[PDB]
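Novice:
2 protein chains.
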Amino acid sequence: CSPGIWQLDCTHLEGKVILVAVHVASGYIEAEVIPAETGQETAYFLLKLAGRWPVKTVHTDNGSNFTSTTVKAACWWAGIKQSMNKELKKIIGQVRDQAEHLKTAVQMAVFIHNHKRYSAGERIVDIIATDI
Amino acid sequence: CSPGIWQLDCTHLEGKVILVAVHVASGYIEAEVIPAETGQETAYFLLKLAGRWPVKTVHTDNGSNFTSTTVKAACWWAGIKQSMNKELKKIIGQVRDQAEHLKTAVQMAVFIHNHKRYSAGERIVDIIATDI
Ligand SMILES: Cc1nc2c(c(C)c(C)n2Cc2cnn(C)c2)c(-c2ccc(Cl)cc2)c1[C@H](OC(C)(C)C)C(=O)O
Ligand SMILES: Cc1nc2c(c(C)c(C)n2Cc2cnn(C)c2)c(-c2ccc(Cl)cc2)c1[C@H](OC(C)(C)C)C(=O)O
C-alpha cells in the first residue's frame with residue numbers, strides 16, 4: 056500500500072484507553088496509553104507520529120474522533136489528510167505479568183510486535205526508504 | 056556511524072524536563088516532556104524508543120542517569136548496552167508562540183528538525205535500511 060497511510064484507533068483495557076497507530080502497508084505499530092479518549096490526546100499523538108514518520112493520510116474505524124477542531128488543527132499543521155488491536159491485546163496479556171503499569175506492558179508488546187518476524197519494523201523502513 | 060547508537064540526555068526549559076534522544080549517525084531526534092527527571096521516566100522512554108527503532112547501544116553526557124536498577128532493567132529487557155539540544159531549543163523558541171503547552175512546541179520542533187533538509197528522517201531510514 057501507499058507508504059504514508061496510517062490507521063489510528065482508540066481501544067480499551069483495564070479501564071484505560073490505548074491509542075493504536077498502524078502503518079497499513081507494513082503492520083508497524085506505535086501505541087500509547089492516554090488518560091482519556093479526548094481530542095487533545097489524539098491531536099498531540101498525531102503531532103508526535105507525524106514528526107517521526109511520514110504521515111500523509113490517516114484512517115480510523117471511528118470517524119467521529121477526527122471531528123474536533125483540536126485534531127483538525129494538528130492534521131492541518133503537519134499537512135495530514137483523511153484486527154491489529156487484537157494481536158496487540160494478545161501480546162499485552164502474555165507480557166502483562168512482567169510489568170506493574172499497563173503502559174509498560176503496552177510498550178513491551180509494541181516492541182515484540184514490531185521486531186518479530194521480515195518483521196514489521198523491517199518492512200516499514202524498507203518501504204519508506206524505497207519511496208525515497 | 057553504527058546504525059544502533061543513540062545519545063540520550065535530559066535538558067530543561069520553563070521549569071520542565073525535556074528528554075532528548077538523538078540517532079548519532081543520522082541526527083534524527085525523538086524528544087518528549089517528562090514530569091520529573093527520574094529513572095522511571097528514563098526507563099519507560101527507553102522501552103518506547105527500543106520498540107520503534109533498533110536501539111543497540113545508548114550514550115549520554117550524564118552517566119549517573121543510567122545507574123538506577125529501573126533503567127538497567129529496561130536496558131536488559133530490550134537488549135540494550137551502554153550540540154543537538156541547542157538546535158532543538160532554537161526551534162522550540164521559534165514555534166513557541168504557536169502552542170500553549172511546552173510539550174506541543176517540543177513535538178512541533180521535533181517534526182521540523184527531522185524533516186528539514194537529505195533530512196535527518198530520510199538519513200535514518202536509509203541507514204537502518206542499508207544495514208538490513
Ligand atoms: C513501576 C516500575 N517499577 C520498577 C521497575 C523495576 C525494574 C524496578 C526495580 N522497579 C521498582 C520496584 C518494583 N518492585 N519493587 C519492590 C520495587 C519497572 C520495570 C519493569 C519492566 C522493565 Cl523492562 C523495566 C522497568 C517498573 C515499570 O514501570 C516503569 C514506568 C517502566 C518504571 C512497571 O510498570 O513495572
Ligand atoms: C492545549 C491546546 N488547545 C487547543 C488547540 C487547538 C487547535 C484548539 C482549538 N484548542 C482549544 C482552544 C485554544 N484556545 N481556545 C480559546 C480554545 C491546541 C493545538 C495547537 C497546535 C496544533 Cl498543530 C494542534 C492543536 C492545543 C495544544 O495542546 C494539545 C495537547 C496539542 C491539544 C497546545 O499546547 O496549544
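Chains as they are written, first to last, in PDB author numbering: chain A, 56 to 137, 153 to 187, 194 to 208; chain A', 56 to 137, 153 to 187, 194 to 208. A prime marks a further copy of an entry chain.
Cβ atoms here follow ideal geometry from the backbone N, Cα and C, with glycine treated the same way.
1) For chain A, find out if any of its Cβ atoms is closer than 9 Å to the Cβ of residue 126 of chain A'; answer yes or no.
2) Specify the secondary structure class of residue 85 of chain A' as computed by DSSP and reduced to three states.
3) Would you identify the three-state DSSP class for residue 93 of chain A, choosing helix, strand or coil?
4) Spell out the partners DSSP gives residue 61 of chain A' in its beta bridges.
5) Can you list every residue whose CB sits closer than 5 Å to some heavy atom of ligand 1, going in chain order?
6) Identify the continuous alpha helix (DSSP H) that holds residue 199 of chain A' and give its terminal residues.
7) Taking the straight line between their C-alpha atoms, what separation do you get for residue 169 of chain A and residue 179 of chain A?
8) Compare the Cα-Cα distances from residue 105 of chain A' to each of A':165, A':162 and A':131 and report the closest residue.
9) Starting from residue 183 of chain A', follow the alpha helix (DSSP H) in both directions and report where the run begins and ends.
10) Alpha carbon to alpha carbon, how far is residue 69 of chain A' from residue 94 of chain A'?
11) How about residue 93 of chain A: is its C-beta nearer than 9 Å to some C-beta of chain A'?
12) Would you kindly work out how many angstroms separate the C-alpha atoms of residue 163 of chain A' and residue 176 of chain A', rounded to a whole number?
13) Compute every distance between the C-beta of residue 68 of chain A and the non-hydrogen atoms of ligand 2, then say whether any falls below 8 Å.
14) Is residue 161 of chain A helix, strand or coil when you go by DSSP?
15) Can you list, in chain order, the residues of its chain with a C-beta nearer than 7 Å to that of residue 114 of chain A? Leave out the 5 residues immediately preceding and following it.
16) Is residue 102 of chain A close to ligand 4? I mean its beta-carbon at under 8 Å from any heavy atom of the ligand.
17) Is residue 68 of chain A' close to chain A, meaning its C-beta is less than 9 Å from at least one C-beta of that chain?
18) Output yes if chain A' places a C-beta closer than 9 Å to the C-beta of residue 131 of chain A; else output no.
19) Would DSSP call residue 122 of chain A' helix, strand or coil?
20) State the Cα-Cα distance for the pair residue 86 of chain A' and residue 153 of chain A, rounded to the nearest angstrom.
21) Between residue 178 of chain A' and ligand 2, is the CB less than 8 Å from at least one heavy atom?
22) Roughly how many angstroms separate the alpha carbons of residue 196 of chain A' and residue 109 of chain A', rounded to a whole number?
23) Could you list which residues in chain A' have their beta carbon closer than 8 Å to that of residue 102 of chain A, in chain order?
24) Compute the Euclidean distance between the alpha carbons of residue 134 of chain A and residue 112 of chain A', then round it to the nearest angstrom.
Specialist: Let me lay it out:
1) no
2) strand
3) coil
4) A':78 and A':113
5) A:169, A:170, A:171, A:174, A':95, A':98, A':99, A':124, A':125, A':128, A':129 and A':132
6) 196-207
7) 11 Å
8) A':131
9) 172-185
10) 21 Å
11) no
12) 9 Å
13) no
14) helix
15) 60 and 62
16) Among the ligands present in this structure, namely ligand 1 and ligand 2, ligand 4 is not found.
17) no
18) no
19) coil
20) 30 Å
21) yes
22) 16 Å
23) 174, 177, 178 and 181
24) 34 Å
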